[PDB]
Each structure stands twice: as structure tokens, then as C-alpha cells.
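Just one chain is shown here, as C-alpha cells, and it is the form deposited in one PDB entry.
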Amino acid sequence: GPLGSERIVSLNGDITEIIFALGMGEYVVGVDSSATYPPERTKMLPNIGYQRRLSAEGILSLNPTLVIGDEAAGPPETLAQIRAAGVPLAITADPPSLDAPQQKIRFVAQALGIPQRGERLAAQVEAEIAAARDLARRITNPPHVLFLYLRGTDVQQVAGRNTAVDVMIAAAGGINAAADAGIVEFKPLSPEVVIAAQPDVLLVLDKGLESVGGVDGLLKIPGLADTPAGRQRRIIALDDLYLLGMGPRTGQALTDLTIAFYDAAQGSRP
């Protein structure tokens, strides 16, 4: 008979999104800084710190019955205090792979004792990813795409291979132009990178684009105005959790990218 009441502290924005997508959001009592979806619900919840800089006291003072996160959660010394306090904790992998959404969904569903709801969500996410990949197969002339991580004019980084964004670009039928500059993971933007990449599409984050003054500011960054992207103002700005979370909205984000890439394939050059 007896029913306990679950008090979940979720350590990562993408895990939080998945708890809410499974229908269990009312049991979440604490979230990290990156947990911006669904924004109306997560803005109301106590903050336990950023996912990689978690407060042990911020988590434990919420008296959780369960703490759940994935490999981005840290530091290790905070996880260790959770264990030493005797609070149930589980952590899952989060590889840069189109299999990560399904794996994280099954992980959360099992912890919450709803494996059937989890199979239903994973099957839908996989169907949405399938549909975007089918649209991406229409691209026979794939555009060169450069992802820029921006944090004002001071910080300008490009993402190469072994990143979630690299996986998203390729599955949406685009070419990650950071390979042409040799880039693995995150590396600084440079005159040399821009010459070698000459992207057709500039892919950025919402906040990043705001932090440089919008499209007008971005194209004041040396070299960018004169790329094929810069010339046609072909800038795609997406929310960070949406583009890079590898969560339930992965198929929706792939569809937005591939639609944009298809247009660039037709219109960027000559």
C-alpha cells in the first residue's frame, strides 16, 4: 500500500528536461544553473550551483530522496559528500552520440520506476531523429558549417570533432568546417581558422550572439563579414540546451538545422 514522496535533485540541465518530459517534474526539488527547460517551471526551483561546480550543502539541505545526473556533474568531491550522507545517487554516461538521448531517457525512467513511459519517450525521440535524418538525405551539396562559442568579443572558440555539435552538424547533412583547420574539441578562432573554414553557415548560441551585439556585432569580428555566411548573413542562433543537450528535443533541433542547411546548400555559392 504505502506511498513515499519522491524529492529529486537533478544535477544537469538535460537530465532535468528529461524528468519533466517523462511527466515527473512535480517531484523535482532542486536544479542546477544549466536547467533552463521547461523555463517556466525550473525558474521556480532552488538552485544547487552549476552542473560542474555543484554545492554539496545546496543539494543536501533540500533533503533529497534521490539525486540523479550524468557524467558532466561535478566536482567529484561533491558527489562523494552525497554518498557519505547516505542519499541515493545515480550517474549516467553522456557520450557525443545520437544514441545519448535514448540512453539518458532509459536511465532516468528506470530510476523513477517508469520504464514503460521511458520506452514510449525514447521511441518518439528516435522517430523524430529518424525523420530529421531522412530530410538531411536530400542534401547533395552539403554546406560548410562553423560553430562559434562566443562570450563577448573577448572569447571566440570553434568546435571540432568529438563534440555534440559536431554530431548534430553531420547528422543534419552539413560539413563541420572546423576539420579544415585541424580542430579537435574547442579551439580559439583565428585569422587562419577563418581562411581555412570559409563557412557557408555560422552556427552560434542565442546568448553568445547577444553577448557580441547581435548579427551586426558578430560580423564586426575580423574575417567573418567576408565569409560566404557573413555575406548572406546566414547566421543560425539556437538555445544552448536545445542545440547541445542531446535530450528529448534532439530530433526537433536536427530538423531546424537540416532545414537551414538545405537552404544554404541551394543558395550560398556560387
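Heads up: residue numbers just count along the shown sequence, starting at 1. C-alpha atoms forming the largest set that superposes within 1.5 Å between two forms make up the rigid core.
Same protein, other form: the form deposited in another entry, not shown, and the subject of what follows.
Note: rigid core superposed between the shown form and the other one; among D154, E192, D134, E71, the CA shift is 2 Å or more only at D154. Once the rigid core is used as the reference frame, the Cα position of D99 differs between the shown form and the other one by less than 2 Å.
With a cut-off of 2 Å and the rigid core superposed, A122 has a Cα displacement that falls short of the cut-off between the shown form and the other one. Comparing the forms between the shown form and the other one, the C-alpha position of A171 differs by less than 2 angstroms, with the core used for superposition.
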